[PDB]
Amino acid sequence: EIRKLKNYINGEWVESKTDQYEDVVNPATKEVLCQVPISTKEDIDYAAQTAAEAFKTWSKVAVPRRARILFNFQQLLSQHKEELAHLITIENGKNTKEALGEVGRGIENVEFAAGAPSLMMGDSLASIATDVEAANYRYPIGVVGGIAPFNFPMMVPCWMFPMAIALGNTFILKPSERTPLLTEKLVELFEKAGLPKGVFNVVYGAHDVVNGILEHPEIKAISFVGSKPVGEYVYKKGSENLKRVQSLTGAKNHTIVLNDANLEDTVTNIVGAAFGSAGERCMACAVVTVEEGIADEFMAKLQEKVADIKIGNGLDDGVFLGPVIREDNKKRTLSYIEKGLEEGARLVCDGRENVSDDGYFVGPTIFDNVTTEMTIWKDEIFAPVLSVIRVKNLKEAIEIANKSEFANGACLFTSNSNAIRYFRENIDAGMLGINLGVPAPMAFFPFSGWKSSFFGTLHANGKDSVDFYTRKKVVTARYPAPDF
């Protein structure tokens, strides 16, 4: 009665040779949507052998023709916005608006990758010496592996396979065993777009699959997006196996609010960056360092706004806050709230109260008087928990943000040019936002995090993704002028 998902390998949906399956539920109602197979390394090998085979011909299809397919894909995605958004909500929990928002950014990724022909151009010189010319070209590297998180069932995957495939590589994706349904739709639409068999492969699962991706010698590159501990493991293991990898990991993003900040706009951006998507965002505002002069009014206006948050099913309109992903995560959050109180942090808003039990719901929570000594500051909670800290000025704010081991993003609310430059010059984070709650850059820019937030050389998206998914060859040739 509960549909068992199948893997997509070499052009068709095949069943896994596994006896292990996992229930994927709707975070808001605990209803079982389907069953996800915990594929075996046996499935990963077949998928790898397949991708390596399809690579031989796909890589020979000229980039202009491949780009064409990305255009088709781009259009099919747009036509299915309502469906994709629906799948993201019932599976991830975020409401329709935020879900619809994810679909849009994932499409932007396809749009950016559709311009692959120009993105692949190498350098060329007519003469570097008498009768000698030189030019280098870009080539795909073979089969690429991708590992996706549950917080973005569509967007993160779109960061990887559209661009990698457009550049000539074949792909093996391991979506999040918690949010697999969306990827199933991507496959369908990418097949409709005209993508040939074995070019885009999907193997559902967990650890076995991951290790198979790390261990298989056919998979020359790895793009991992997820938690710090797992991403750090993937980076090391992958390097041990002598293959390039990029791991976009955890975050503990800080937002700096200065005295001259426009409170109206600020409070709204912050409430959304901290509580939207149940705070399950690598770009979620985890800590706010507000300047003394505006601190009092900020907390007053922050509480007011936070009091109007409707908690419920992401499908219902009026709903702002959905549920955390799993039961396990709800407990970890309540534990963190408990930990905060124990460490001396002051509860300004308690999300442990007035929450439905229909789903894994947790109301917004905000702590006051927190320090860099506390666990709720050092750890990425990844739930509706915002910590607030009063600072003397921009300098102290940055010292606190920089003290965090994570450096994904940071925000600054102000209209002061000098404050902005200083912020950008001394802040450790790599994805900065001025007067914006979520500092996530658009697809044509690399998603540049730093420190414990990023392991590797080249980030995802932007021209970085292009170079990470290709390798270069340089040709220096001597062609002596003929005699007549």
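The first residue of the sequence shown is number 1, and the count goes up from there.
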Item to complete: On mean C-alpha B-factor from the PDB entry, just flag whether 210-218 or 133-141 is the higher one.
Response: 210-218
Discussion item. If you take the mean CA temperature factor per stretch, which one wins between 70-78 and 373-381?
Written reply: 373-381
Practice prompt. Could you say which of 396, 260, 358, 405 has its CA atom at the highest B factor, as listed in the PDB entry?
Written response: 358
Worksheet item: Between 349, 285, 148, 158, which carries the biggest CA temperature factor in the record?
Response: 349
Discussion item. How does the C-alpha B factor of residue 449 compare with the rest of the chain: lowest, middle or highest third?
Written reply: lowest
Discussion item. Quick check for you: using the entry's CA B-factors within this chain, is residue 297 in the lowest, middle or highest third?
Written reply: middle
Response to the item:
On the chain's distribution of Cα B-factors, residue 434 falls within the third called lowest
Response to the item:
Chain-relative C-alpha B factor for residue 314 (record values, thirds): the highest
Response to the item:
Quick tally, chain-level thirds of C-alpha B-factors: residue 457 sits in the middle
